[PDB]
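Beneath this line is the structure, given in structure tokens, with notes to follow.
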Amino acid sequence: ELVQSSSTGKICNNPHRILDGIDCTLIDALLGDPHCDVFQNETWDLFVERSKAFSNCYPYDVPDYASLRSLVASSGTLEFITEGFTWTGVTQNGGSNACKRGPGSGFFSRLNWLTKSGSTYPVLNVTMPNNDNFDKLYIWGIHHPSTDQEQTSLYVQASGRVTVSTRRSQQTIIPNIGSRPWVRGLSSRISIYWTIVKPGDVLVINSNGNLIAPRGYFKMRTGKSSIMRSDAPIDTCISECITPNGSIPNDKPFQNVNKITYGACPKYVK
Amino acid sequence: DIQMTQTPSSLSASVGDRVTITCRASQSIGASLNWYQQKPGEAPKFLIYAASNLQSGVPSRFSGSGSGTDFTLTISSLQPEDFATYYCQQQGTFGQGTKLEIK
Amino acid sequence: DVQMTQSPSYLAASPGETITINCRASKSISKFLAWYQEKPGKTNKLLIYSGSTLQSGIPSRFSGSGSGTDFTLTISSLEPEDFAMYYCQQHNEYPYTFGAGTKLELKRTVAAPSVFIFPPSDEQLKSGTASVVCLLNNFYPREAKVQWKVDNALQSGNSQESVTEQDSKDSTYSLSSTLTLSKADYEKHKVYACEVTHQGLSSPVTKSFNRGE
Amino acid sequence: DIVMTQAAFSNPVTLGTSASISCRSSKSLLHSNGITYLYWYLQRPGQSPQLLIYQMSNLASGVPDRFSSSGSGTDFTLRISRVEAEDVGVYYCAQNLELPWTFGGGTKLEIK
Amino acid sequence: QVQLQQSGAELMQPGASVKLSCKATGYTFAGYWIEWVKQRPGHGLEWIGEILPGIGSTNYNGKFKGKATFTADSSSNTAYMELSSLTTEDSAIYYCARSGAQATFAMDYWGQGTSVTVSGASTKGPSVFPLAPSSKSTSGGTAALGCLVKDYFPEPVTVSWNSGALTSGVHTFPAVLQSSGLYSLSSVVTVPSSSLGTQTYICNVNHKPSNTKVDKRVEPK
Amino acid sequence: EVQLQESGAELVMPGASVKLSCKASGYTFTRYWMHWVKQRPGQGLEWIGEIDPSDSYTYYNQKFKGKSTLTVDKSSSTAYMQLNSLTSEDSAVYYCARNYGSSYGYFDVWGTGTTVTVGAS
Amino acid sequence: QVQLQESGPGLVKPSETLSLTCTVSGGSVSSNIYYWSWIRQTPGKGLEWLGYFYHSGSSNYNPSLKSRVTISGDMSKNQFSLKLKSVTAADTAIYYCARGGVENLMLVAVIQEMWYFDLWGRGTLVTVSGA
Ligand SMILES: *[C@@H]1O[C@H](CO)[C@@H](O)[C@H](O)[C@H]1NC(C)=O
Ligand SMILES: *[C@@H]1O[C@H](CO)[C@@H](O)[C@H](O)[C@H]1NC(C)=O
């Protein structure tokens, strides 16, 4: 027949640069989850995301998750550059016992949890201009305290606000205080947002509470790499194409192994 | 569309035993499974969230696990107070319930 | 880090009087300074926070004032229950720094110390160590100071002192100074004396004894 | 950029015996995938370059088993078991762990 | 009705580690910071750090970054402080205090205070010696006499005269650490000079940690 | 079998533009990316950028962005490089090289390097 | 803490409309992270989820009931009600009013929408009979 219908069950390590997220989801590696600290300055043609990947840091959700995942995956890099943000009047490097970095409390390595300094929490109004020649991706978030008492204790203001703005657009997020079900012993949550800062544009972070500040930017590039969900193991074989079921020979005019494919292999037919 | 079977329907165990309750989803539901305990004559209690996260006041002997299609609720040391029906829940569908009975 | 200087460390007053405790911060702490009351047998009490806002349940006679680097706690019409230790603690910067604290003691008329000196006992000597102790009883104020004299020579460093708190029955203090000398060292000297200097004494008091008596 | 150095103005290699060419990188070329993304390209005189070794210890289709490469960290070596008259040329070490591609200055073999 | 209940006193050898506890009641534990304060004689209070039990957010004084470690058991409404590599300098009283926004983060509710003593000395009973009155003079005015309790460990000893019959006019001075590592203490009473002959006074000393009870007869000269 | 024949020697005045081509024959053109490499004697070997003929996606070395643009004609299986604002430093030999993997692939086969010399003579 | 307490007629005739009201104590029905839901329990079929109501007015009902259910809030009284039109003999069961919420946590690679019912009422038996 002219239809390929069987995969070897493995993903060839060549020629595409496969990066295996053993226990890490792309976003987990992006934020710097404690068990995902091995992904730094990474590169890939195809990020393989295992169905068994799990998060182990602070519980969080990503509004507009698909867009961020697609953007980062298409970038083909996780090059993170630290920036010297000047957070005056707030305590930095906040953490939680739900995110065990070492033996004690910890947090995402790429996010900066700002907390009240002493008995006050000023209106942060920092700004980092993008004088470089590449798009900068800033990952920040807004913390959602479980109670009004927790909100005031962490952040002196009774109701916080995060306004990240640039020339193109702005996002204003108001935290939703309330008790959620425990996840690793926490009834609070974190929402992760992202902002692309084009060259010559300026990032403006204005906040009076609940800001999970960024520590820097991810150097974005206009790549064509991709991300794929697959439990197939990676073997030292060679195949010009990859499918979630694994590599498939790409010589036949057609294939029906999967509709999702990466690389140069035939058109899908039901 | 999503349907999900909880087995066994009712199992007999004795105090101090290790008991495992299995709830199987027809499709991969990630970790979107919650476990509820209902002692007779009471409303169900919210035990485990996201298939592994124990809730406030739930004894540490309870533990949930699994991902994808197969989930398990395990009680390390069945105590007298743990006699109750256990329901796995995924969004709007509740499992058929495991009438855990004392031997 | 903000060093907090609290003065006066020792304050004497009587019921019905008005007193003020000055606390100074090495750098501006805006208005975030709090005053605590520590007294034996109960948990520390928060009196004032944010400079002037007195805590709920605190009597109105406690007043706070100041901003920046100078602050003041004013207690008017002291009750007998107000005599205690007071601490100023800034909560503007992050490493919370407390003041040294001021002991607020009940005033009284000056009283001279009764000076006694006790030679080391024979039982103490048989252990090979000698401990001569000079005692001051029921004096006021707390500023009494003593120095040991053995023969003509003065001795220092080898003596320990301890002072009891105010005796509520008469508001006086008592002080004991013990000089520790090994049997050999004790035997090399003849006469031991304790010099007592106190504001309530017209001239320093000397009590002395000769070894063997 | 990752800079590749190929200090090899004249590498004396008497014909017949083994020869070695050394390339060094300012950054480790080992990817998190376990592969080292070094490449060795041979440009024979008056000819376009051709691939000898891709990554390491992997040979091109037509490359003889004479050529073999290995290394660790940030210093790599190309070892030729036997050198023939046809192996004279410039051997560029290239890396693409981080784009853009960076090529070494290229080392020219000289026979004794 | 808010109170922070703290564990009892501790005795640790140098280099050991102790875990102080502070049980909170009367309020939602997870919402308020729990402060930890160190008090030792001659130094006043000294802030160690704080932990927000709900999130586990901790923030330490730089002076205590490695020494202390805060944890909170949310199910028990308890906050813990683990002191590590204890030294003689750590002998102090440790307070846990509640801190929240209602009081502008001034710690408004305090614990009773846990006293931890770090000392390598071996437990031993007191040695009692008499302070016989009439040192050089025979008699005059009111006579003073006492008993020197020396070289005991650990604290506290309790001293009474004539089994409580002579509580009036007796001063028991605080015990003082000696360079040897053992506490020493003095108890003195003032009596009429005439009472010296017709009466002999007994210094009662009891050191429960050593289960030692001593009664000593003090006579002039 | 797989060969990449390029244009011959090009002579163009400074500031002008030239349109280098690379006829790819012996394989399915749309199934492999194309790389372009610049060689100047003594100065070494320099990478320009890569193009995916399947959808004309291109990624350039920064120092060559704008200085050159890559494009393909899928019908004739020919890959084109256009150089603009030429200067003396642009005199070089340009190699079109087939790519075996994706964006991060490696030069699999190199074409017959086309030399370009800049000057009016 | 928050307590839920449902009330309403325990007996309903067939073909009528069933009405129940859950009054929330210690909390506000106007919260924007919790939905308020009704779950039905009968011995022969286990727990069945009827639908849920948000303060903003969004609602969701399971298709198993052909739009017979309707959940609405009365925020001036801290109440939300269940209206189950054209009741039948099969609708006799214990009815629980439960607080819940919807979350999209990133707990696992495959993101899934999680519902929970963390607070439940006592449950009230509702009989549907012609007696
Ligand atoms: C905040 O920063 C922006 C940009 O640096 C500036 O225009 C503005 O005046 C600052 N202050 C406020 C209150 O926005
Ligand atoms: C490939 O995997 C998908 C999803 O797991 C499945 O639907 C499909 O049938 C698989 N194909 C083969 C050939 O196994």
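Ordering of the structure tokens sets the chain letters (A, B, ...); residue numbers start at 1 within each chain; ligands are numbered from 1 in the order shown.
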* What are the DSSP strand (DSSP E or B) residues of region 14-136 of chain C, as number ranges by chain? -> C: 19-25, 33-38, 45-49, 53-54, 62-67, 70-75, 85-90, 97-98, 102-106, 111, 114-118, 129-136
I need the residues from that last selection saved to file as a short mmCIF file (atom, residue, chain, number, x, y, z; two decimals), in the first residue's frame (with C-alpha atoms), if you can.
data_model
loop_
_atom_site.label_atom_id
_atom_site.label_comp_id
_atom_site.auth_asym_id
_atom_site.auth_seq_id
_atom_site.Cartn_x
_atom_site.Cartn_y
_atom_site.Cartn_z
CA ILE C 19 7.07 60.56 82.61
CA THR C 20 8.39 60.35 79.06
CA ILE C 21 10.52 57.66 77.35
CA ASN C 22 12.61 58.93 74.40
CA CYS C 23 13.42 56.52 71.58
CA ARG C 24 15.65 57.59 68.70
CA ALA C 25 16.22 55.75 65.43
CA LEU C 33 7.36 52.69 66.05
CA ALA C 34 5.67 50.56 68.70
CA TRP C 35 5.93 50.48 72.49
CA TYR C 36 5.77 47.27 74.52
CA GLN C 37 5.29 46.74 78.24
CA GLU C 38 7.14 43.78 79.74
CA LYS C 45 1.79 43.99 76.11
CA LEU C 46 1.53 46.13 72.99
CA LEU C 47 0.80 49.69 74.07
CA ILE C 48 1.23 51.87 70.98
CA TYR C 49 1.83 51.18 67.31
CA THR C 53 -2.18 54.71 67.80
CA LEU C 54 -2.69 53.14 71.22
CA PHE C 62 -0.47 56.06 77.53
CA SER C 63 0.39 58.47 74.72
CA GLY C 64 2.79 58.25 71.79
CA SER C 65 4.28 61.09 69.79
CA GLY C 66 6.94 61.88 67.23
CA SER C 67 7.83 60.96 63.68
CA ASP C 70 12.54 61.04 67.34
CA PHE C 71 9.70 59.41 69.26
CA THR C 72 8.25 59.64 72.75
CA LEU C 73 6.03 57.54 74.99
CA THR C 74 4.29 59.67 77.60
CA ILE C 75 2.67 58.07 80.65
CA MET C 85 10.08 47.43 81.41
CA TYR C 86 9.27 49.36 78.22
CA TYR C 87 10.72 48.66 74.77
CA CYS C 88 10.52 50.68 71.59
CA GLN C 89 10.45 48.61 68.42
CA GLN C 90 10.48 50.07 64.94
CA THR C 97 15.06 46.34 66.06
CA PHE C 98 14.02 46.84 69.66
CA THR C 102 13.89 51.41 80.15
CA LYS C 103 13.17 50.02 83.60
CA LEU C 104 10.52 52.14 85.32
CA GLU C 105 10.98 51.80 89.08
CA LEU C 106 9.05 53.32 92.02
CA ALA C 111 18.55 54.88 102.00
CA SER C 114 24.00 48.24 105.50
CA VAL C 115 27.40 46.73 104.68
CA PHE C 116 28.33 43.25 105.89
CA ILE C 117 31.37 41.13 105.08
CA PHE C 118 31.56 37.36 105.57
CA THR C 129 38.39 27.32 97.19
CA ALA C 130 37.59 30.43 99.22
CA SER C 131 34.69 32.81 98.56
CA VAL C 132 34.57 35.99 100.62
CA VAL C 133 31.28 37.86 100.16
CA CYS C 134 30.39 41.46 101.04
CA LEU C 135 26.71 42.31 101.30
CA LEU C 136 24.78 45.56 100.92
#
* Test item: residues no farther than 9 Å from ligand 2, counting only C-alpha atoms and all ligand atoms, as a ChimeraX atom specification -> /A:4-7,9,230-231,243-246,256-259
How would the residues just chosen look if you wrote them out with N, CA and C atoms as a compact mmCIF listing (two decimals), in the first residue's frame?
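Below is the file that was written, again-v6.txt:
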# COMPACT_ATOMS: atom_id res chain seq x y z
N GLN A 4 1.65 4.67 5.03
CA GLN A 4 2.40 4.22 6.19
C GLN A 4 1.46 4.11 7.39
N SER A 5 1.53 2.98 8.10
CA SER A 5 0.57 2.72 9.16
C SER A 5 1.19 2.17 10.44
N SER A 6 2.51 2.05 10.52
CA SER A 6 3.16 1.51 11.70
C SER A 6 4.37 2.35 12.06
N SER A 7 4.46 2.74 13.32
CA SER A 7 5.62 3.44 13.84
C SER A 7 6.49 2.50 14.66
N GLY A 9 7.67 3.10 17.42
CA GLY A 9 7.44 3.33 18.83
C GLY A 9 8.49 4.16 19.52
N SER A 230 3.99 13.33 23.78
CA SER A 230 4.25 11.96 23.37
C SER A 230 4.93 11.21 24.50
N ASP A 231 4.48 9.98 24.73
CA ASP A 231 5.09 9.09 25.71
C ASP A 231 6.11 8.15 25.09
N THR A 243 6.25 11.59 14.99
CA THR A 243 4.84 11.65 15.32
C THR A 243 4.70 11.29 16.79
N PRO A 244 3.60 11.69 17.42
CA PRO A 244 3.43 11.38 18.84
C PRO A 244 3.57 9.89 19.13
N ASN A 245 3.27 9.05 18.14
CA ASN A 245 3.48 7.62 18.26
C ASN A 245 4.93 7.22 18.03
N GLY A 246 5.78 8.16 17.64
CA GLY A 246 7.17 7.87 17.36
C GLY A 246 7.53 8.15 15.92
N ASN A 256 -0.89 7.32 7.91
CA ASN A 256 -2.08 7.46 8.74
C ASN A 256 -1.79 7.20 10.21
N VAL A 257 -0.52 7.23 10.61
CA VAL A 257 -0.18 6.97 12.00
C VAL A 257 -0.79 8.03 12.91
N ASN A 258 -0.64 9.30 12.54
CA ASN A 258 -1.17 10.38 13.35
C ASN A 258 -1.33 11.62 12.48
N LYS A 259 -2.28 12.47 12.88
CA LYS A 259 -2.46 13.74 12.19
C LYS A 259 -1.39 14.75 12.58
* To do: Using only C-alpha atoms, determine which residues of chain B fall within 10 Å of chain E; present them as a PyMOL selection string.
  => chain B and resi 56-59
Dump as an mmCIF file, in the first residue's frame, selection limited to N, CA, C and O atoms:
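And here's out16.cif as it stands now:
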data_model
loop_
_atom_site.group_PDB
_atom_site.id
_atom_site.type_symbol
_atom_site.label_atom_id
_atom_site.label_comp_id
_atom_site.auth_asym_id
_atom_site.auth_seq_id
_atom_site.Cartn_x
_atom_site.Cartn_y
_atom_site.Cartn_z
ATOM 1 N N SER B 56 -7.943 20.029 53.949
ATOM 2 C CA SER B 56 -7.735 20.391 55.343
ATOM 3 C C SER B 56 -8.482 19.438 56.260
ATOM 4 O O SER B 56 -9.667 19.161 56.058
ATOM 5 N N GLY B 57 -7.784 18.940 57.278
ATOM 6 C CA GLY B 57 -8.377 18.039 58.240
ATOM 7 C C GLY B 57 -8.459 16.595 57.807
ATOM 8 O O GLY B 57 -8.941 15.764 58.583
ATOM 9 N N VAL B 58 -8.014 16.264 56.604
ATOM 10 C CA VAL B 58 -8.055 14.871 56.154
ATOM 11 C C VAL B 58 -6.849 14.128 56.722
ATOM 12 O O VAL B 58 -5.707 14.582 56.537
ATOM 13 N N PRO B 59 -7.036 13.003 57.410
ATOM 14 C CA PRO B 59 -5.887 12.314 58.009
ATOM 15 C C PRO B 59 -4.869 11.912 56.957
ATOM 16 O O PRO B 59 -5.216 11.581 55.823
#
* **Surrounding residues of residue 40 (chain F) excluding itself and chain neighbours under 3 positions, 10 Å, only C-alpha atoms, as an MDAnalysis selection string** => chainID F and resid 43:46 89:94 115
Those residues you just picked out, can you put them in a file as a PDB file, in the first residue's frame with C-alpha atoms?
ATOM      1  CA  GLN F  43      38.941  35.526   7.291  1.00  0.00           C
ATOM      2  CA  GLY F  44      37.371  32.064   7.520  1.00  0.00           C
ATOM      3  CA  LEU F  45      33.868  30.655   7.063  1.00  0.00           C
ATOM      4  CA  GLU F  46      30.716  32.550   8.037  1.00  0.00           C
ATOM      5  CA  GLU F  89      33.836  43.458   2.420  1.00  0.00           C
ATOM      6  CA  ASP F  90      31.178  41.499   0.508  1.00  0.00           C
ATOM      7  CA  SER F  91      33.670  40.028  -1.970  1.00  0.00           C
ATOM      8  CA  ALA F  92      33.505  36.347  -1.075  1.00  0.00           C
ATOM      9  CA  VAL F  93      32.533  32.838  -2.130  1.00  0.00           C
ATOM     10  CA  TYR F  94      28.945  31.918  -1.284  1.00  0.00           C
ATOM     11  CA  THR F 115      32.248  33.729  -6.072  1.00  0.00           C
TER      12      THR F 115
END
* Nearest to chain B, chosen from G:97, G:22, G:12, G:82, with only C-alpha atoms counted in the distances ->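 Going through G:97, G:22, G:12, G:82 one by one, the smallest distance to chain B is for G:97.
Of the residues listed (A:2, A:158, A:234, A:260), A:234 shows the shortest atom-to-atom separation from chain D; distances use only C-alpha atoms.
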* Residues within 9 Å of ligand 1, counting only C-alpha atoms and all ligand atoms, as a PyMOL selection string -> chain A and resi 123-128+202-206
Expected file contents, prior selection, N, CA, C and O atoms, as a PDB file, in the first residue's frame:
ATOM      1  N   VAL A 123       3.679  51.801  46.066  1.00  0.00           N
ATOM      2  CA  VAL A 123       3.175  51.600  44.715  1.00  0.00           C
ATOM      3  C   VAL A 123       4.361  51.443  43.778  1.00  0.00           C
ATOM      4  O   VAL A 123       4.928  52.432  43.304  1.00  0.00           O
ATOM      5  N   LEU A 124       4.741  50.200  43.510  1.00  0.00           N
ATOM      6  CA  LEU A 124       5.855  49.928  42.615  1.00  0.00           C
ATOM      7  C   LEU A 124       5.563  50.488  41.232  1.00  0.00           C
ATOM      8  O   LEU A 124       4.468  50.315  40.697  1.00  0.00           O
ATOM      9  N   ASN A 125       6.544  51.186  40.659  1.00  0.00           N
ATOM     10  CA  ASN A 125       6.374  51.847  39.372  1.00  0.00           C
ATOM     11  C   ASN A 125       7.647  51.702  38.537  1.00  0.00           C
ATOM     12  O   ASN A 125       8.139  52.646  37.930  1.00  0.00           O
ATOM     13  N   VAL A 126       8.207  50.502  38.494  1.00  0.00           N
ATOM     14  CA  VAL A 126       9.460  50.286  37.787  1.00  0.00           C
ATOM     15  C   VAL A 126       9.202  50.255  36.287  1.00  0.00           C
ATOM     16  O   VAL A 126       8.064  50.168  35.824  1.00  0.00           O
ATOM     17  N   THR A 127      10.287  50.325  35.519  1.00  0.00           N
ATOM     18  CA  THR A 127      10.219  50.266  34.067  1.00  0.00           C
ATOM     19  C   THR A 127      11.571  49.828  33.529  1.00  0.00           C
ATOM     20  O   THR A 127      12.610  50.297  33.998  1.00  0.00           O
ATOM     21  N   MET A 128      11.555  48.932  32.549  1.00  0.00           N
ATOM     22  CA  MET A 128      12.775  48.435  31.913  1.00  0.00           C
ATOM     23  C   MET A 128      12.656  48.599  30.405  1.00  0.00           C
ATOM     24  O   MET A 128      11.931  47.815  29.760  1.00  0.00           O
ATOM     25  N   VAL A 202       8.996  49.869  25.797  1.00  0.00           N
ATOM     26  CA  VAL A 202       9.312  49.995  27.215  1.00  0.00           C
ATOM     27  C   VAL A 202       8.291  49.210  28.024  1.00  0.00           C
ATOM     28  O   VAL A 202       7.086  49.319  27.783  1.00  0.00           O
ATOM     29  N   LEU A 203       8.774  48.420  28.978  1.00  0.00           N
ATOM     30  CA  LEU A 203       7.903  47.722  29.910  1.00  0.00           C
ATOM     31  C   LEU A 203       7.668  48.590  31.136  1.00  0.00           C
ATOM     32  O   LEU A 203       8.617  49.128  31.712  1.00  0.00           O
ATOM     33  N   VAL A 204       6.409  48.726  31.536  1.00  0.00           N
ATOM     34  CA  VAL A 204       6.036  49.484  32.724  1.00  0.00           C
ATOM     35  C   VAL A 204       5.229  48.570  33.629  1.00  0.00           C
ATOM     36  O   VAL A 204       4.117  48.168  33.273  1.00  0.00           O
ATOM     37  N   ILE A 205       5.779  48.254  34.795  1.00  0.00           N
ATOM     38  CA  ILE A 205       5.096  47.443  35.794  1.00  0.00           C
ATOM     39  C   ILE A 205       4.683  48.365  36.925  1.00  0.00           C
ATOM     40  O   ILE A 205       5.536  48.884  37.651  1.00  0.00           O
ATOM     41  N   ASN A 206       3.381  48.565  37.079  1.00  0.00           N
ATOM     42  CA  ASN A 206       2.833  49.361  38.164  1.00  0.00           C
ATOM     43  C   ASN A 206       1.973  48.461  39.034  1.00  0.00           C
ATOM     44  O   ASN A 206       1.042  47.822  38.538  1.00  0.00           O
TER      45      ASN A 206
END
* To one decimal place, how far is CA of residue 26 (chain F) from CA of residue 117 (chain F) in Å? ->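 Result for CA of residue 26 (chain F) versus CA of residue 117 (chain F): 29.5 Å, one decimal.
Using only C-alpha atoms, the protein and nucleic acid residues lying no more than 12 Å from residue 70 (chain A), apart from those fewer than 5 places from it along its own chain, are residues 26, 27, 46, 47, 64, 65, 75, 76, 223, 224, 225, 226, 227 and 228 of chain A.
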Those residues with N, CA and C atoms, as a compact mmCIF listing (two decimals), in the first residue's frame please?
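Here's the written file again-v6.txt:
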# COMPACT_ATOMS: atom_id res chain seq x y z
N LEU A 26 6.56 22.41 29.37
CA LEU A 26 7.28 23.56 28.86
C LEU A 26 7.15 24.76 29.79
N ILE A 27 5.96 24.99 30.33
CA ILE A 27 5.76 26.14 31.20
C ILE A 27 6.51 25.96 32.52
N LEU A 46 12.25 20.12 18.51
CA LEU A 46 11.00 19.54 18.96
C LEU A 46 11.10 19.29 20.46
N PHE A 47 10.29 20.00 21.23
CA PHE A 47 10.19 19.74 22.66
C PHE A 47 9.17 18.65 22.88
N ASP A 64 -4.68 32.11 29.12
CA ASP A 64 -4.05 32.15 27.81
C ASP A 64 -2.84 31.24 27.77
N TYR A 65 -3.00 30.03 28.31
CA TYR A 65 -1.91 29.07 28.37
C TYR A 65 -1.45 28.65 26.99
N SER A 75 9.60 29.37 19.61
CA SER A 75 10.86 30.09 19.74
C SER A 75 12.04 29.16 19.57
N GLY A 76 12.00 27.99 20.21
CA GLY A 76 13.11 27.07 20.15
C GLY A 76 14.25 27.38 21.08
N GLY A 223 11.68 31.49 15.65
CA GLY A 223 11.99 30.13 15.27
C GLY A 223 10.81 29.42 14.64
N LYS A 224 11.08 28.20 14.18
CA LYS A 224 10.06 27.33 13.61
C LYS A 224 10.01 25.98 14.30
N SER A 225 10.67 25.84 15.45
CA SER A 225 10.58 24.60 16.20
C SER A 225 9.16 24.41 16.71
N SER A 226 8.92 23.26 17.33
CA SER A 226 7.58 22.89 17.76
C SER A 226 7.65 22.12 19.07
N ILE A 227 6.48 21.84 19.62
CA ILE A 227 6.33 21.08 20.85
C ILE A 227 5.31 19.99 20.60
N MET A 228 5.55 18.81 21.18
CA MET A 228 4.73 17.65 20.90
C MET A 228 4.52 16.85 22.17
Please report as CSV every residue of chain G lying within 10 Å of chain A, along with the nearest atom pair and their distance in Å (one decimal), using only C-alpha atoms.
residue,atom,partner,partner_atom,distance
G:31,CA,A:178,CA,8.4
G:32,CA,A:176,CA,7.6
G:33,CA,A:178,CA,7.1
G:34,CA,A:178,CA,8.6
G:100,CA,A:180,CA,8.9
G:101,CA,A:180,CA,7.8
G:102,CA,A:180,CA,9.5
G:103,CA,A:61,CA,7.9
G:104,CA,A:61,CA,5.7
G:105,CA,A:61,CA,4.4
G:106,CA,A:61,CA,5.5
G:107,CA,A:55,CA,5.2
G:108,CA,A:54,CA,4.5
G:109,CA,A:53,CA,5.4
G:110,CA,A:51,CA,6.8
G:111,CA,A:65,CA,9.1
G:116,CA,A:181,CA,7.9
G:117,CA,A:181,CA,9.3
G:118,CA,A:181,CA,7.3
* Would you work out the distance separating CA of residue 51 (chain C) from CA of residue 148 (chain A), expressed in Å to one decimal? => 24.9 Å
* What residues in chain E lie within 9 Å of chain C, counting only C-alpha atoms, written as a ChimeraX atom specification? -> /E:42-49,60-62,103-113,127-136,143-145,148,171-176,178,185-186,188,190,221
* **Between CA of residue 79 (chain B) and CA of residue 39 (chain B), distance in Å (one decimal)** =>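 Between these atoms lies a distance of 13.5 Å.
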How close does chain A get to chain E? List, as a tab-separated table, each residue of chain A within 10 Å, its nearest atom pair and the distance in Å to one decimal, counting only C-alpha atoms.
residue	atom	partner	partner_atom	distance
A:58	CA	E:55	CA	9.5
A:91	CA	E:59	CA	8.9
A:92	CA	E:59	CA	10.0
A:93	CA	E:59	CA	9.5
A:94	CA	E:57	CA	6.5
A:95	CA	E:57	CA	5.4
A:96	CA	E:56	CA	4.8
A:97	CA	E:56	CA	4.9
A:98	CA	E:56	CA	7.7
A:99	CA	E:56	CA	9.6
A:104	CA	E:69	CA	8.3
A:105	CA	E:56	CA	7.1
A:106	CA	E:57	CA	8.8
A:115	CA	E:57	CA	9.5
A:118	CA	E:105	CA	7.6
A:119	CA	E:105	CA	5.8
A:120	CA	E:104	CA	8.7
A:145	CA	E:55	CA	9.0
A:146	CA	E:54	CA	8.7
A:147	CA	E:31	CA	7.3
A:148	CA	E:31	CA	8.3
A:149	CA	E:31	CA	5.2
A:150	CA	E:31	CA	4.5
A:151	CA	E:31	CA	8.3
A:152	CA	E:101	CA	6.0
A:153	CA	E:100	CA	5.8
A:154	CA	E:52	CA	8.2
A:155	CA	E:101	CA	9.3
A:156	CA	E:101	CA	7.0
A:157	CA	E:101	CA	9.4
A:158	CA	E:101	CA	9.5
A:185	CA	E:54	CA	8.4
A:186	CA	E:55	CA	6.6
A:187	CA	E:54	CA	8.3
A:188	CA	E:55	CA	8.0
* Pull out every residue of chain B sitting within 7 Å of chain A, counting only C-alpha atoms, and send them as a PyMOL selection string. => chain B and resi 49+53-56
Would you mind exporting N, CA and C atoms of the selected residues as a CSV table (one decimal), in the first residue's frame?
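Writing the result to out_11.csv gives the following:
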chain,number,residue,atom,x,y,z
B,49,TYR,N,-8.2,16.5,46.3
B,49,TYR,CA,-8.4,17.4,45.2
B,49,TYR,C,-7.3,17.1,44.2
B,53,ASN,N,-4.1,15.6,46.2
B,53,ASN,CA,-3.9,16.7,47.2
B,53,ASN,C,-4.9,16.5,48.3
B,54,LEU,N,-4.5,16.1,49.5
B,54,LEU,CA,-5.4,16.0,50.7
B,54,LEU,C,-5.9,17.4,51.1
B,55,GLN,N,-7.1,17.4,51.6
B,55,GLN,CA,-7.7,18.6,52.0
B,55,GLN,C,-7.6,18.8,53.5
B,56,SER,N,-7.9,20.0,53.9
B,56,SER,CA,-7.7,20.4,55.3
B,56,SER,C,-8.5,19.4,56.3
* Asked: If you run DSSP on this backbone, which residues of region 16-160 of chain C come out as alpha helix (DSSP H), and could you give them as a ChimeraX atom specification?
  -> /C:122-126
With N, CA, C and O atoms retained, export the selected residues as a short mmCIF file (atom, residue, chain, number, x, y, z; two decimals), in the first residue's frame.
data_model
loop_
_atom_site.label_atom_id
_atom_site.label_comp_id
_atom_site.auth_asym_id
_atom_site.auth_seq_id
_atom_site.Cartn_x
_atom_site.Cartn_y
_atom_site.Cartn_z
N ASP C 122 35.17 27.57 107.13
CA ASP C 122 36.14 26.48 107.15
C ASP C 122 35.74 25.37 106.19
O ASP C 122 36.59 24.81 105.48
N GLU C 123 34.45 25.04 106.14
CA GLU C 123 33.98 24.03 105.20
C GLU C 123 34.28 24.43 103.77
O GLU C 123 34.71 23.60 102.96
N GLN C 124 34.06 25.70 103.43
CA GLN C 124 34.40 26.18 102.09
C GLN C 124 35.89 26.05 101.84
O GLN C 124 36.32 25.68 100.75
N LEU C 125 36.70 26.37 102.85
CA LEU C 125 38.15 26.32 102.68
C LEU C 125 38.63 24.90 102.44
O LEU C 125 39.53 24.68 101.62
N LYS C 126 38.06 23.92 103.14
CA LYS C 126 38.50 22.55 102.98
C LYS C 126 38.37 22.06 101.55
O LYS C 126 39.11 21.16 101.14
#
* Contacts of region 1-7 of chain D at 6 Å (only C-alpha atoms; same-chain gap of 3+ positions) as a PyMOL selection string -> chain D and resi 23-26+104-107
